[PDB]
file coords_0.txt (compact mmCIF, C-alpha atoms and all ligand atoms)
# COMPACT_ATOMS: atom_id res chain seq x y z
CA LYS H 1 -10.83 -53.54 -57.04
CA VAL H 2 -13.98 -53.08 -54.97
CA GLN H 3 -11.63 -52.12 -52.14
CA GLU H 4 -10.32 -49.53 -54.63
CA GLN H 5 -13.78 -48.32 -55.73
CA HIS H 6 -15.52 -47.65 -52.39
CA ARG H 7 -12.70 -45.53 -50.97
CA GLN H 8 -13.15 -43.28 -53.99
CA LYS H 9 -16.85 -42.82 -53.25
CA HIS H 10 -16.15 -41.88 -49.62
CA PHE H 11 -13.34 -39.62 -50.83
CA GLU H 12 -15.91 -38.08 -53.19
CA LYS H 13 -18.07 -37.39 -50.12
CA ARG H 14 -15.41 -34.89 -48.99
CA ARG H 15 -15.22 -33.03 -52.32
CA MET H 16 -18.31 -30.90 -51.69
CA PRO H 17 -17.57 -30.05 -48.01
CA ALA H 18 -13.95 -29.32 -48.95
CA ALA H 19 -15.12 -26.93 -51.67
CA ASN H 20 -17.57 -25.30 -49.25
CA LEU H 21 -14.70 -24.75 -46.80
CA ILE H 22 -12.42 -23.16 -49.41
CA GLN H 23 -15.27 -20.99 -50.70
CA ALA H 24 -16.30 -19.83 -47.22
CA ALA H 25 -12.68 -19.08 -46.34
CA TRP H 26 -12.09 -17.05 -49.50
CA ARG H 27 -15.36 -15.14 -49.14
CA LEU H 28 -14.35 -14.31 -45.56
CA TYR H 29 -10.87 -13.26 -46.71
CA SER H 30 -12.24 -11.16 -49.57
CA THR H 31 -14.38 -9.15 -47.11
CA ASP H 32 -11.32 -6.97 -46.38
CA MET H 33 -9.80 -6.75 -49.87
CA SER H 34 -12.37 -7.38 -52.63
CA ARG H 35 -13.10 -4.80 -55.31
CA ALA H 36 -16.75 -5.25 -54.29
CA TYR H 37 -16.06 -2.94 -51.33
CA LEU H 38 -13.77 -0.56 -53.26
CA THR H 39 -16.53 1.82 -54.33
CA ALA H 40 -17.42 5.34 -53.25
CA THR H 41 -20.66 3.92 -51.80
CA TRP H 42 -18.91 1.47 -49.49
CA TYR H 43 -16.30 4.02 -48.40
CA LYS H 44 -19.03 6.46 -47.37
CA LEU H 45 -21.07 3.62 -45.88
CA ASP H 46 -17.98 2.47 -43.97
CA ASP H 47 -17.48 6.03 -42.70
CA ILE H 48 -20.98 6.88 -41.45
CA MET H 49 -21.49 3.40 -39.96
CA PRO H 50 -18.55 0.94 -39.90
CA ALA H 51 -20.76 -1.55 -38.02
CA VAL H 52 -22.37 -2.71 -41.28
CA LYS H 53 -19.21 -4.22 -42.78
CA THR H 54 -18.20 -5.65 -39.39
CA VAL H 55 -21.61 -7.34 -39.16
CA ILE H 56 -21.14 -8.76 -42.66
CA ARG H 57 -17.74 -10.09 -41.59
CA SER H 58 -19.20 -11.59 -38.41
CA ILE H 59 -21.72 -13.54 -40.49
CA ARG H 60 -19.00 -14.85 -42.82
CA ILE H 61 -16.89 -16.03 -39.86
CA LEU H 62 -19.91 -17.91 -38.49
CA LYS H 63 -20.38 -19.49 -41.92
CA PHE H 64 -16.69 -20.42 -42.17
CA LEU H 65 -16.93 -22.11 -38.76
CA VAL H 66 -19.94 -24.18 -39.84
CA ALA H 67 -18.22 -25.17 -43.09
CA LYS H 68 -15.04 -26.15 -41.25
CA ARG H 69 -17.07 -28.40 -38.94
CA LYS H 70 -18.99 -30.12 -41.74
CA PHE H 71 -15.71 -30.78 -43.55
CA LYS H 72 -14.19 -32.28 -40.40
CA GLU H 73 -17.28 -34.48 -39.96
CA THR H 74 -16.30 -36.26 -43.21
CA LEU H 75 -12.98 -37.55 -41.82
CA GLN S 1 -4.00 -8.03 -27.31
CA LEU S 2 -6.99 -6.09 -28.68
CA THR S 3 -7.08 -2.31 -28.36
CA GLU S 4 -9.94 -0.75 -26.42
CA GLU S 5 -11.17 0.96 -29.59
CA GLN S 6 -11.50 -2.18 -31.73
CA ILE S 7 -13.32 -3.78 -28.81
CA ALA S 8 -15.77 -0.87 -29.01
CA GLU S 9 -16.03 -1.53 -32.75
CA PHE S 10 -16.98 -5.16 -32.10
CA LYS S 11 -19.39 -3.94 -29.41
CA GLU S 12 -21.10 -1.70 -31.96
CA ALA S 13 -21.52 -4.68 -34.30
CA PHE S 14 -22.80 -6.81 -31.41
CA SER S 15 -25.36 -4.14 -30.52
CA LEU S 16 -26.66 -4.22 -34.10
CA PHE S 17 -27.70 -7.84 -33.59
CA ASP S 18 -28.62 -7.39 -29.92
CA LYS S 19 -31.64 -5.20 -30.71
CA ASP S 20 -33.33 -5.60 -27.31
CA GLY S 21 -30.03 -5.01 -25.51
CA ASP S 22 -30.19 -8.08 -23.25
CA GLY S 23 -26.57 -9.03 -23.93
CA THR S 24 -27.35 -12.10 -26.07
CA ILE S 25 -27.85 -12.85 -29.76
CA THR S 26 -30.65 -15.29 -30.57
CA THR S 27 -31.53 -16.89 -33.89
CA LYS S 28 -34.24 -14.22 -34.11
CA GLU S 29 -31.71 -11.38 -33.95
CA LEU S 30 -29.05 -13.10 -36.06
CA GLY S 31 -31.51 -13.94 -38.84
CA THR S 32 -33.25 -10.56 -38.80
CA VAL S 33 -29.99 -8.71 -39.48
CA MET S 34 -28.99 -11.22 -42.17
CA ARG S 35 -32.32 -10.87 -43.97
CA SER S 36 -32.14 -7.06 -43.85
CA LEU S 37 -29.02 -7.42 -46.03
CA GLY S 38 -30.84 -9.65 -48.54
CA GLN S 39 -29.67 -13.03 -47.22
CA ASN S 40 -32.14 -15.86 -46.57
CA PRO S 41 -30.82 -18.41 -44.07
CA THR S 42 -32.92 -21.30 -42.87
CA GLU S 43 -33.72 -21.73 -39.18
CA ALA S 44 -31.37 -24.72 -39.03
CA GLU S 45 -28.53 -22.67 -40.51
CA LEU S 46 -29.03 -20.04 -37.79
CA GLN S 47 -28.75 -22.75 -35.12
CA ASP S 48 -25.57 -24.20 -36.65
CA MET S 49 -23.93 -20.77 -36.84
CA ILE S 50 -24.80 -19.96 -33.21
CA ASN S 51 -23.78 -23.38 -31.90
CA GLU S 52 -20.27 -22.82 -33.28
CA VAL S 53 -19.66 -20.04 -30.72
CA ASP S 54 -22.20 -20.90 -28.01
CA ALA S 55 -19.87 -22.15 -25.27
CA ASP S 56 -22.59 -22.15 -22.58
CA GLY S 57 -25.29 -24.27 -24.25
CA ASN S 58 -28.32 -21.97 -23.97
CA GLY S 59 -28.38 -21.39 -27.73
CA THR S 60 -27.39 -17.71 -27.65
CA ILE S 61 -24.26 -15.66 -28.34
CA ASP S 62 -23.04 -13.36 -25.59
CA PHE S 63 -20.54 -10.55 -26.01
CA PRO S 64 -17.39 -12.42 -24.80
CA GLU S 65 -18.07 -15.26 -27.25
CA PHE S 66 -18.53 -12.64 -29.98
CA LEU S 67 -15.23 -10.96 -29.11
CA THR S 68 -13.20 -14.17 -29.39
CA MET S 69 -14.79 -15.15 -32.70
CA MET S 70 -14.16 -11.72 -34.24
CA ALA S 71 -10.59 -11.60 -32.92
CA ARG S 72 -9.67 -15.09 -34.13
CA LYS S 73 -11.25 -15.08 -37.62
CA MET S 74 -9.19 -17.71 -39.48
CA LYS S 75 -5.80 -17.07 -37.82
CA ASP S 76 -6.01 -20.20 -35.65
CA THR S 77 -3.96 -23.37 -36.00
CA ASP S 78 -7.02 -25.56 -36.61
CA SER S 79 -8.22 -23.41 -39.52
CA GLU S 80 -4.88 -23.47 -41.35
CA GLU S 81 -4.71 -27.26 -41.10
CA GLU S 82 -8.31 -27.84 -42.19
CA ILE S 83 -8.24 -25.40 -45.12
CA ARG S 84 -5.01 -27.10 -46.18
CA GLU S 85 -6.77 -30.46 -45.87
CA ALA S 86 -9.59 -29.12 -48.04
CA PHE S 87 -7.17 -28.15 -50.82
CA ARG S 88 -5.52 -31.58 -50.72
CA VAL S 89 -8.82 -33.27 -51.63
CA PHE S 90 -8.30 -31.74 -55.10
CA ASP S 91 -4.55 -32.53 -55.30
CA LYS S 92 -4.08 -36.07 -56.61
CA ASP S 93 -0.35 -35.35 -57.00
CA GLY S 94 0.09 -34.62 -53.28
CA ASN S 95 2.91 -32.13 -53.93
CA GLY S 96 0.98 -29.17 -52.51
CA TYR S 97 -0.06 -27.76 -55.90
CA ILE S 98 -3.29 -27.49 -57.87
CA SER S 99 -3.59 -26.21 -61.43
CA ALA S 100 -5.38 -22.90 -61.98
CA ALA S 101 -7.82 -24.60 -64.36
CA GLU S 102 -8.76 -27.36 -61.90
CA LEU S 103 -9.11 -24.87 -59.04
CA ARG S 104 -11.37 -22.70 -61.20
CA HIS S 105 -13.30 -25.86 -62.10
CA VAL S 106 -13.79 -26.87 -58.46
CA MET S 107 -14.79 -23.41 -57.21
CA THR S 108 -17.46 -22.90 -59.90
CA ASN S 109 -18.99 -26.40 -59.83
CA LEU S 110 -18.97 -27.70 -56.22
CA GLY S 111 -20.78 -26.55 -53.08
CA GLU S 112 -21.69 -22.88 -52.86
CA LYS S 113 -20.40 -22.15 -56.35
CA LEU S 114 -18.43 -18.96 -56.86
CA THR S 115 -19.46 -16.53 -59.57
CA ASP S 116 -17.16 -16.00 -62.54
CA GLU S 117 -16.00 -12.73 -60.98
CA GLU S 118 -15.39 -14.36 -57.59
CA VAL S 119 -13.14 -17.11 -58.94
CA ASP S 120 -11.38 -14.56 -61.17
CA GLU S 121 -10.57 -12.48 -58.08
CA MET S 122 -9.30 -15.61 -56.31
CA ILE S 123 -7.00 -16.68 -59.16
CA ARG S 124 -5.57 -13.16 -59.40
CA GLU S 125 -4.89 -13.25 -55.66
CA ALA S 126 -2.72 -16.37 -56.09
CA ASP S 127 0.31 -15.98 -58.34
CA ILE S 128 0.55 -18.62 -61.06
CA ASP S 129 4.00 -19.53 -62.36
CA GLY S 130 5.16 -21.81 -65.15
CA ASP S 131 2.67 -24.47 -66.22
CA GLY S 132 -0.20 -22.77 -64.37
CA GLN S 133 0.11 -24.30 -60.90
CA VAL S 134 -0.67 -22.32 -57.75
CA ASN S 135 0.97 -23.18 -54.43
CA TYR S 136 -2.21 -23.53 -52.37
CA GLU S 137 0.04 -23.75 -49.31
CA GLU S 138 0.98 -20.10 -49.86
CA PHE S 139 -2.73 -19.44 -50.44
CA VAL S 140 -3.84 -20.69 -47.02
CA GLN S 141 -1.02 -18.77 -45.33
CA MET S 142 -2.40 -15.64 -47.01
CA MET S 143 -6.06 -16.17 -46.11
CA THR S 144 -5.11 -16.96 -42.49
CA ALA S 145 -3.53 -13.62 -41.59
CA CA H 201 -30.95 -9.96 -27.55
call {"tool": "encode", "arguments": {"input": "coords_0.txt", "output": "structure tokens", "more": "lines below"}}
Ligand SMILES: [Ca+2]
result
Amino acid sequence: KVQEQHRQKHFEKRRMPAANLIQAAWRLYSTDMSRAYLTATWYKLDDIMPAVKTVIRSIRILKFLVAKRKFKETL
Amino acid sequence: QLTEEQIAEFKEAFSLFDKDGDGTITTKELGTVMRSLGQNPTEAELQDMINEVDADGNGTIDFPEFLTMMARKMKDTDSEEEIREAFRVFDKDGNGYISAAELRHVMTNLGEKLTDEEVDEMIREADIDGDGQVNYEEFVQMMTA
């Protein structure tokens, strides 16, 4: 039973990094489709300087890469 | 495989970070741009983000490393496997499904919790059918374009 109770606790140690990976992946995915960017402000902002949204995407990729590593470090 | 124009788009984004124009992105330049947008990363978070793409070891990001990161995004083999492995941690059935209620519960209570509107946009992006289960396998194929 103790062999059945300590593999839960280590499996619980992956729950948070697994959630962080899913959240960082979705937030990266939503950068190109979310209603948050479907406003007249973001369309004009994306027209006069498309570098702003690309920078925001570059940051989210960097955060997805960190989250993927921390999740793999719990294997 | 990248057009010369979308390389110039990534160059424009790189130049936004590279304020001094020395061809590298330091933690100083990465964090300054992030905090101009309202984000507040710690110094350690800036080092972890840079070290994920720093293939040289000097602690900076050059343009070729920036190009590969922006081109790959999540479309790599390792990302699809790991995101799939993350979804399986919350799938005690092992059949490749997770209920919409449990997924909503995990996203809004673990790690960097999603807002109510964020998780609502995620659940709408994944078609539920029948009892309320969402094939998270189809979900990771969608996120990884
Ligand atoms: Ca620089």
call {"tool": "residues_near_ligand", "arguments": {"input": "coords_0.txt", "ligand": "ligand CA 201 (chain H)", "cutoff": "8 Å", "atoms": "all atoms listed in the file", "output": "MDAnalysis selection string"}}
result
chainID S and resid 17:26 29
call {"tool": "write_last_selection", "arguments": {"input": "coords_0.txt", "atoms": "C-alpha atoms", "output": "mmCIF file, keeping the file's coordinate frame"}}
result
data_model
loop_
_atom_site.group_PDB
_atom_site.id
_atom_site.type_symbol
_atom_site.label_atom_id
_atom_site.label_comp_id
_atom_site.auth_asym_id
_atom_site.auth_seq_id
_atom_site.Cartn_x
_atom_site.Cartn_y
_atom_site.Cartn_z
ATOM 1 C CA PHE S 17 -27.700 -7.840 -33.590
ATOM 2 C CA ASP S 18 -28.620 -7.390 -29.920
ATOM 3 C CA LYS S 19 -31.640 -5.200 -30.710
ATOM 4 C CA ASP S 20 -33.330 -5.600 -27.310
ATOM 5 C CA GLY S 21 -30.030 -5.010 -25.510
ATOM 6 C CA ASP S 22 -30.190 -8.080 -23.250
ATOM 7 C CA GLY S 23 -26.570 -9.030 -23.930
ATOM 8 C CA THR S 24 -27.350 -12.100 -26.070
ATOM 9 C CA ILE S 25 -27.850 -12.850 -29.760
ATOM 10 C CA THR S 26 -30.650 -15.290 -30.570
ATOM 11 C CA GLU S 29 -31.710 -11.380 -33.950
#
call {"tool": "interface_residues", "arguments": {"input": "coords_0.txt", "of": "chain H", "to": "chain S", "cutoff": "6 Å", "atoms": "all atoms listed in the file", "output": "list in words"}}
result
residues 16, 18, 19, 20, 29, 51, 55 and 62 of chain H
call {"tool": "atom_distance", "arguments": {"input": "coords_0.txt", "atom1": "atom CA of residue H:43", "atom2": "atom CA of residue H:30"}}
result
15.8 Å
call {"tool": "atom_distance", "arguments": {"input": "coords_0.txt", "atom1": "atom CA of residue H:14", "atom2": "atom CA of residue S:91"}}
result
12.8 Å
call {"tool": "atom_distance", "arguments": {"input": "coords_0.txt", "atom1": "atom CA of residue H:17", "atom2": "atom CA of residue S:54"}}
result
22.5 Å
call {"tool": "residues_near_point", "arguments": {"input": "coords_0.txt", "point": "(-19.1, -19.5, -41.2)", "cutoff": "10 Å", "atoms": "all atoms listed in the file", "output": "JSON, numbers by chain"}}
result
{"H": [21, 24, 25, 27, 28, 57, 58, 59, 60, 61, 62, 63, 64, 65, 66, 67, 68, 69], "S": [45, 48, 49, 50, 52, 73]}
call {"tool": "closest_residue", "arguments": {"input": "coords_0.txt", "among": "H:75, H:38, H:22, H:48", "to": "residue S:80", "atoms": "all atoms listed in the file"}}
result
H:22
call {"tool": "closest_residue", "arguments": {"input": "coords_0.txt", "among": "S:27, S:68, S:133, S:6", "to": "residue S:44", "atoms": "all atoms listed in the file"}}
result
S:27
call {"tool": "decode", "arguments": {"input": "coords_0.txt", "residues": "chain H", "atoms": "C-alpha atoms", "output": "short mmCIF file (atom, residue, chain, number, x, y, z; two decimals), in the first residue's frame"}}
result
data_model
loop_
_atom_site.label_atom_id
_atom_site.label_comp_id
_atom_site.auth_asym_id
_atom_site.auth_seq_id
_atom_site.Cartn_x
_atom_site.Cartn_y
_atom_site.Cartn_z
CA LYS H 1 0.00 0.00 0.00
CA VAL H 2 2.88 2.36 0.75
CA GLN H 3 4.23 1.31 -2.65
CA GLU H 4 0.82 2.46 -3.93
CA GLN H 5 0.82 5.76 -1.98
CA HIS H 6 4.23 7.25 -2.84
CA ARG H 7 3.84 6.80 -6.60
CA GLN H 8 0.71 8.92 -6.31
CA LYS H 9 2.63 11.73 -4.60
CA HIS H 10 5.31 11.74 -7.31
CA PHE H 11 2.55 11.56 -9.93
CA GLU H 12 1.01 14.56 -8.16
CA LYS H 13 4.34 16.36 -8.65
CA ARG H 14 3.64 16.32 -12.40
CA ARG H 15 0.11 17.74 -12.14
CA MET H 16 1.23 21.37 -11.80
CA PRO H 17 3.97 21.29 -14.50
CA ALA H 18 1.58 19.42 -16.80
CA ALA H 19 -1.05 22.11 -16.29
CA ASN H 20 1.55 24.83 -16.88
CA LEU H 21 2.50 23.15 -20.16
CA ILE H 22 -1.11 22.92 -21.38
CA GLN H 23 -1.79 26.52 -20.33
CA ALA H 24 1.35 27.87 -22.01
CA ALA H 25 0.57 25.91 -25.18
CA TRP H 26 -3.02 27.18 -25.34
CA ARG H 27 -2.00 30.78 -24.63
CA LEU H 28 0.55 30.49 -27.44
CA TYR H 29 -2.06 28.97 -29.76
CA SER H 30 -4.66 31.61 -28.87
CA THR H 31 -2.25 34.39 -29.91
CA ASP H 32 -3.34 33.87 -33.53
CA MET H 33 -7.06 33.20 -33.01
CA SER H 34 -8.37 34.63 -29.72
CA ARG H 35 -11.18 37.17 -29.62
CA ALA H 36 -8.79 39.26 -27.50
CA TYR H 37 -7.07 40.32 -30.75
CA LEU H 38 -10.30 40.61 -32.78
CA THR H 39 -10.88 44.29 -32.01
CA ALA H 40 -10.56 47.42 -34.13
CA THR H 41 -7.68 48.49 -31.87
CA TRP H 42 -5.61 45.37 -32.53
CA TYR H 43 -6.33 45.42 -36.27
CA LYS H 44 -5.07 49.00 -36.54
CA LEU H 45 -2.20 48.21 -34.17
CA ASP H 46 -1.35 45.17 -36.29
CA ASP H 47 -1.41 47.37 -39.41
CA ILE H 48 0.78 50.29 -38.31
CA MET H 49 3.25 48.00 -36.51
CA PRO H 50 2.89 44.20 -36.87
CA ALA H 51 6.07 43.77 -34.80
CA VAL H 52 4.11 44.19 -31.55
CA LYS H 53 2.03 41.03 -31.91
CA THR H 54 5.04 39.11 -33.24
CA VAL H 55 7.00 40.17 -30.14
CA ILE H 56 4.11 39.01 -27.93
CA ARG H 57 4.16 35.66 -29.75
CA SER H 58 7.94 35.37 -29.37
CA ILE H 59 7.58 35.78 -25.60
CA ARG H 60 4.87 33.10 -25.43
CA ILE H 61 7.02 30.64 -27.40
CA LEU H 62 9.89 31.23 -24.96
CA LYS H 63 7.48 30.58 -22.09
CA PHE H 64 6.13 27.41 -23.73
CA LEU H 65 9.70 26.14 -24.12
CA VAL H 66 10.45 26.73 -20.42
CA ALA H 67 7.21 25.02 -19.40
CA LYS H 68 7.92 22.04 -21.65
CA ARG H 69 11.35 21.64 -20.04
CA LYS H 70 10.07 21.84 -16.46
CA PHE H 71 7.42 19.24 -17.28
CA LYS H 72 10.06 16.93 -18.78
CA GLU H 73 12.21 17.39 -15.66
CA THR H 74 9.47 15.59 -13.67
CA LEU H 75 9.82 12.32 -15.62
#
